[PDB]
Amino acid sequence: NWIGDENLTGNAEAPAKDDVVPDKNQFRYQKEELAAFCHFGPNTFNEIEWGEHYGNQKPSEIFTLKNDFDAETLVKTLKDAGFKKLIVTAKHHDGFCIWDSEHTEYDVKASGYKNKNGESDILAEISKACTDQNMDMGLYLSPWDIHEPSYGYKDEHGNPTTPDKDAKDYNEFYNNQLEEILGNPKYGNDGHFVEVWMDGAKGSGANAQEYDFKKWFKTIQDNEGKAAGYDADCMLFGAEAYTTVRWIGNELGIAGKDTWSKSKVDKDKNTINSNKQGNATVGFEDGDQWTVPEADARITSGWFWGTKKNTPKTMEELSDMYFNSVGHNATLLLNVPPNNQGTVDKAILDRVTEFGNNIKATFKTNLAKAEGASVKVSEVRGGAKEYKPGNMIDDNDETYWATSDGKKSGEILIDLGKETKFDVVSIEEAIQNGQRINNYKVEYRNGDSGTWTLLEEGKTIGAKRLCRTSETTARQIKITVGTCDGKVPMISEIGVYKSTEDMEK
């Protein structure tokens, strides 16, 4: 007995929200799906991934950019391809700062680089382009610093000593740089960053250094969080118990099949457990802290551009990433590295554009909305307009279908209106109110009766589940979603699609 949108005159209160829900930044990020990384600095000019061997070489010797950095082209290409954020490596492990910093001489200002206006600040250049195009930004600022004298415990002359005798505190230097960037209107999207990357990767032989994470976080939020007047705190990557965007746990762009946007944290001990399973952090159904699962990956073989590492991944490789990250309730943070001329190689740009074009065309035509198609459900919450099945195909994340209290599971019938070719089924849970769905099943058949053929079954939906299969023909698709006793499922959007040739499995 399938229920449509007609004659729903009932009423009901909204389903209770989960205890653990995303803040406004986390929610926005999960719905954006696509973010870009930009690795650029001395490594770009020295055919290396970790700049461990620069020694006492001057900025002019290691950062040799002549041409005006082309921020415009990069940002425009990324925006056109559907990327909604750019995370910039302001400082990598080598310590070289690509903004004009008063707190070090190891920066772009000291290098000799100057744009058309004689200014020397790559971060400012990227920020201007992001602001012009309304591209949000993240800030990567390496905690491990190979160059900065204050890193580690040293006396006035540079001899190693105990923490109590340390003459210059690295925590103050790092904090000052956060304040310098975050506090200045010329950095960020109209002064704003939504994410700070403080990844803890560190050379096995590097000196000990304790980080004053609490001090750093306050500085971040005083400039970019609620304390600064924003609607959410700035998201933090690599911040232990204060993490709000977690590492997916590999660099392949692959999230586990059943990925939860929640971790277990202990703010007393400053620990975090995000449930490592195989090569991915799959999170916890009963996690106490929302963490956005962020799958970082390289479009080329390295993070930095180089003459041996400038071949972009194929559409097959990139489509695999997309379906296994975005399709598994994770974001995809794809690195697109500038070259030693300060632009991006044509082949790389073109692959980015191609990837974007393929995503757009794959999801252009929602077959559940075709003429003669219909979406119905096994039950509507209170028989009320507010939870009608049409809420799953209105391109509105704020509207959802749900069942009545006491019904923890429901079915969705998509009738395509005729025998129809497809290979992608898309399901989106209303995660603004929590991630709670713990079983799903997608089935199909020819005609309007007879046994169902299983496409895919699993646990989670979250921000987005994409079920990709080989080209299939069917008339009806049935989706089953359920949660635990005393809760009801909420689905904000569904769709059925045939992918482009270069996105097919």
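All residue numbers refer to positions in the sequence shown, first residue = 1.
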| query | finding |
| --- | --- |
| Between the two ranges 257 to 265 and 404 to 412, the one averaging a larger CA B factor in the entry | 404 to 412 |
| Between the two ranges 50 to 58 and 34 to 42, the one averaging a larger CA B factor in the entry | 50 to 58 |
| Most elevated Cα B-factor in the entry, residues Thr271, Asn335, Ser301, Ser127 | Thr271 |
| Peak C-alpha temperature factor (PDB record), options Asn184, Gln277, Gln435, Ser426 | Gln277 |
| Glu102 CA temperature factor, ranked by third within the chain | middle |
| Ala463 CA temperature factor, ranked by third within the chain | lowest |
| Where the record places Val377 (Cα B-factor, split into thirds across the chain) | highest |
| Ranked against its chain, the third holding the CA B-factor of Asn324 | middle |
| Chain thirds of CA B-factor: placement of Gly249 | lowest |
